[PDB]
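Below: one structure, written as structure tokens.
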Amino acid sequence: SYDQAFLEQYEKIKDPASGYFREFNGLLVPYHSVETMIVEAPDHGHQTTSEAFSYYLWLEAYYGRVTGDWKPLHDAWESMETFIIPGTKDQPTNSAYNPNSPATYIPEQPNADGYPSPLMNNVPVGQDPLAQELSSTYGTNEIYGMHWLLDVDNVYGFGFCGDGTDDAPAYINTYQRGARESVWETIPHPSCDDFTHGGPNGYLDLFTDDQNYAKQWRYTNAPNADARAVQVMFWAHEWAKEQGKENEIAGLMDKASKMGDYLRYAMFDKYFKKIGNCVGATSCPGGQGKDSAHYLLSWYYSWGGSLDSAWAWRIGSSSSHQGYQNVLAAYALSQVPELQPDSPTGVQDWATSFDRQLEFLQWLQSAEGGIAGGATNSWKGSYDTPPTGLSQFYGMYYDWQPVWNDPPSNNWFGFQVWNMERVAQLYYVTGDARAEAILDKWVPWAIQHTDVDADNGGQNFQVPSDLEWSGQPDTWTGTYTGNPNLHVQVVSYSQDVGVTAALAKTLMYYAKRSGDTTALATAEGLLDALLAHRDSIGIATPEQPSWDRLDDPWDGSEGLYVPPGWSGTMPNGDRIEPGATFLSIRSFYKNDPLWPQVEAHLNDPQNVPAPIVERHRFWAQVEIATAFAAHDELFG
Ligand SMILES: OC[C@H]1O[C@@H](O[C@H]2[C@H](O)[C@@H](O)[C@H](O[C@H]3[C@H](O)[C@@H](O)[C@H](O[C@H]4[C@H](O)[C@@H](O)[C@H](O[C@H]5[C@H](O)[C@@H](O)[C@H](O[C@H]6[C@H](O)[C@@H](O)[C@H](O)O[C@@H]6CO)O[C@@H]5CO)O[C@@H]4CO)O[C@@H]3CO)O[C@@H]2CO)[C@H](O)[C@@H](O)[C@@H]1O
Ligand SMILES: OC[C@H]1O[C@@H](O[C@H]2[C@H](O)[C@@H](O)[C@@H](O)O[C@@H]2CO)[C@H](O)[C@@H](O)[C@@H]1O
Ligand SMILES: [Ca+2]
Ligand SMILES: [Ca+2]
Ligand SMILES: [Ca+2]
Ligand SMILES: [Ca+2]
Ligand SMILES: [Fe+3]
Ligand SMILES: [Fe+3]
Ligand SMILES: [Fe+3]
Ligand SMILES: [Fe+3]
Ligand code: NA
Ligand code: NA
Ligand code: NA
Ligand SMILES: [Zn+2]
Ligand SMILES: [Zn+2]
Ligand SMILES: [Zn+2]
Ligand SMILES: [Zn+2]
Ligand SMILES: [Zn+2]
Ligand SMILES: [Zn+2]
Ligand SMILES: [Zn+2]
Ligand SMILES: [Zn+2]
Ligand SMILES: [Zn+2]
Ligand SMILES: [Zn+2]
Ligand SMILES: [Zn+2]
Ligand SMILES: [Zn+2]
Ligand SMILES: [Zn+2]
Ligand SMILES: [Zn+2]
Ligand SMILES: [Zn+2]
Ligand SMILES: [Zn+2]
Ligand SMILES: [Zn+2]
Ligand SMILES: [Zn+2]
Ligand SMILES: [Zn+2]
């Protein structure tokens, strides 16, 4: 059965010999991937992510469904609380936070050479309308949200506030320098910077131009991941309830609702500006109450404070991407009593968001059916002037590439299925007509660009990989025009197993509710294809990544920028200075088992091809397991 396939894949993921996790005192921390040399969002395989933790929850929730044993889900939640939701030690000075003055504006710059970027006190910042309510609800000033990125094996050497120890995964961060700073162009740094490493002011003055530098901590949420963790717990509820075990997980449901309460920070403009036609940083007014809410799952929220006359700050984020939205989580938080937040306005906010996210997704639906990028309340991240005639959604501006422009953030087909699966899941649960309309146009488009290779057992199946967008939606006036002038074309295909599994699920949920037989046939062909690519530790297919940026210094537009005159060292002694490269500040990479093959290709790229690898990404391997489990959930 596929429930046999689920359990086989589950067992591989959880077998210590496979290498998916590091164990710390009985608790498991998943890696980004089994393989160490991987550069895509994290920049090392044995970093990990709040994403991975959300997928770890998902895997154990399906394990509960299948077996009735909910203790592995508890374990996974305990691990999250221990290692990636900052504890008091990690975020110690939230008492200094002033919600009436949440942050000082710093403009985002157009390229990495604009950093460090200065504080601007003449730009109005709004009031934060969440903080006092969260404190009153939970009895703490701390944030209950995952930080996005850990260094699980301490490959970078940061440790805990600079101590270099490897007793727990290190809290670290990379992206800091705006839209044009790719994964290849960051300077990894500790979230808690006591100046042990880096330059004389740690790493702080690569990023922020301030007259004084103080030791401080800061964290960043990945709302795509915290919303997925809530979505997982909706399902744990459902599946435990069918078993008469809903009581075994009632504490975990409480804690997911708490996560969801704090996740509202993602719904706000970065600097709590009023939403809509927010053009000119000194002109766009500060928000009052919830007029700074866009009610979408934006790219991040972040918070920090002095390590120590304490100061502290919080930001939302102004730009939202279709691939992050989670209408299933929004439905759960707004309408399922077991997941409704305890704060007096949490439920209302999530009910507004549920509605708003579905309108946003429909507004972004192209002529062909794919979902375009998103929209922002802060053009270019400095409240800049967008082009005249640019499309709008609730006064925000259409952005075909929200947040990341290296690469354009919505060119990956993966975000289509990550969003769409959640839309399909809603449609399965409630029959939501709004979800159904999106799906009825998207599903054919996706099917039309999928090849399950049925006559050949899925050996050479293919799913969409890279998308090319053009045009813009019509401005939203509360009705779908069909967006005849917003276009997408598929320009590359892959065998990406993670994307495959999410596509298969999307199609299955949709088929279950609609009865659509073409959708189910495609899904079934994709699941066969996955089974055809089993190996000892999971399911994997060949990929051939590119590596040519690893040795690129700054050339005036691309490569690793360091400010003239700036000098510092990484924990291993690697020199951070002008003319450094991705590799030169990550010199440990030269000991990686893949390194010789990478360098041999870069030495002679006409004659030595780039290595072809078969990678085991945690999230992808879980995605697969969940696709197998979903099949039997939906179809027996
Ligand atoms: O007034 C009392 C004293 O004030 C002191 O000045 C303080 C001031 O009070 C305070 O407000 C100010 O706070 C700023 C911080 O210094 C600054 O570091 C922080 O920068 C944010 C930045 O705005 C934001 O865009 C950036 O977002 C990154 C994020 O870090 C990163 O994790 C995320 O990555 C995502 C990946 O892109 C994605 O692929 C993945 O899936 O998810 C990741 C997570 O979402 O990407 C985003 C966007 O690129 O985060 C940084 C923080 O890391 O901004 C604060 C507010 O402006 O600090 C001042 C100190 O300079 C005075 O010094 C003193 O005189 C006063 O008395
Ligand atoms: O940034 C979104 C997700 O990217 C995932 O990596 C993708 C990558 O972007 C593609 O170019 C291709 O390489 O496939 C990868 C695996 O699907 C990354 O693994 C996730 O962590 C990100 O959320
Ligand atoms: Ca220290
Ligand atoms: Ca760049
Ligand atoms: Ca229909
Ligand atoms: Ca190069
Ligand atoms: Fe050190
Ligand atoms: Fe509750
Ligand atoms: Fe301008
Ligand atoms: Fe086509
Ligand atoms: Na319990
Ligand atoms: Na509670
Ligand atoms: Na089959
Ligand atoms: Zn085993
Ligand atoms: Zn039990
Ligand atoms: Zn417990
Ligand atoms: Zn706990
Ligand atoms: Zn190891
Ligand atoms: Zn219930
Ligand atoms: Zn219940
Ligand atoms: Zn509506
Ligand atoms: Zn094959
Ligand atoms: Zn492309
Ligand atoms: Zn209308
Ligand atoms: Zn079947
Ligand atoms: Zn194969
Ligand atoms: Zn194989
Ligand atoms: Zn193979
Ligand atoms: Zn093969
Ligand atoms: Zn190549
Ligand atoms: Zn190459
Ligand atoms: Zn290359």
Side-chain angles (χ1 to χ4, degrees), residues 37-40 61 64-65 70 73 182-184 230-258 260 295 328-342 347 350 352 354-365 391-395 407 425-426 429-430 432-435 437-438 466 473-483 492 542-552 558-559 581-583 589 592 594-613:
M37 186 163 179
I38 181 162
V39 180
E40 60 198 16
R65 180 184 188 281
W70 301 96
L73 184 58
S182 81
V183 63
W184 302 91
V230 174
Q231 173 192 6
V232 167
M233 292 311 306
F234 167 81
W235 287 112
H237 170 253
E238 301 290 289
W239 300 325
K241 153 171 75 84
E242 299 170 347
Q243 301 166 351
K245 293 180 168 175
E246 62 259 44
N247 296 340
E248 298 189 14
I249 54 169
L252 293 182
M253 297 308 291
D254 183 80
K255 300 175 146 182
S257 75
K258 178 170 58 175
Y295 292 111
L328 188 299
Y331 163 78
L333 291 160
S334 64
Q335 290 196 38
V336 177
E338 291 93 351
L339 277 175
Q340 286 173 328
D342 289 347
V347 171
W350 276 104
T352 302
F354 177 47
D355 169 56
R356 195 70 60 86
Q357 288 188 38
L358 285 159
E359 288 192 21
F360 181 69
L361 293 179
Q362 185 58 96
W363 170 61
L364 290 164
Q365 186 159 46
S391 193
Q392 291 183 285
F393 176 85
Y394 290 77
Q425 284 190 353
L426 177 69
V429 174
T430 72
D432 192 294
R434 303 164 292 189
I438 295 167
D466 193 43
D474 293 313
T475 37
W476 187 246
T477 68
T479 206
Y480 183 51
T481 68
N483 293 327
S492 77
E543 77 179 80
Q544 186 180 50
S546 64
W547 298 103
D548 60 287
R549 303 174 66 165
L550 81 72
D551 55 14
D552 287 354
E558 308 289 346
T581 65
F582 174 95
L583 175 69
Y589 264 135
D592 196 279
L594 188 72
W595 176 255
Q597 282 165 268
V598 170
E599 187 169 22
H601 164 67
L602 292 172
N603 283 344
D604 191 7
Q606 264 47 261
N607 298 291
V608 174
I612 299 172
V613 300

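Residue indices begin at 1 and follow the sequence shown. FYI, side chains are in, hydrogens and waters are out, and symmetry mates aren't considered; it's all heavy atoms of this structure. First listed ligand is number 1; within each ligand, the first listed atom is number 1.
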Distance-only donor-acceptor check, side chains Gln243 and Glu248, under 3.5 Å: no
N/O/S from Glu338 sitting under 2.8 Å away from the Zn ion (ligand 19): yes
Minimal non-hydrogen separation, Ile438 against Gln362, with atom names: CG1-OE1, 3.7 Å
Any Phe360 side-chain heavy atom under 4.5 Å of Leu364 side chain: yes
Atoms of protein origin (N, O or S) under 2.8 Å from the Zn ion (ligand 31): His601 NE2
Mutual orientation of the aromatic rings belonging to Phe393 and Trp476 [parallel < 30°, tilted 30-60°, perpendicular > 60°]: tilted
Parallel, tilted or perpendicular: ring planes of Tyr589 versus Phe582, cut at 30 and 60 degrees: parallel
Donor-acceptor pair between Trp363 and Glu359 side chains, under 3.5 angstrom: no
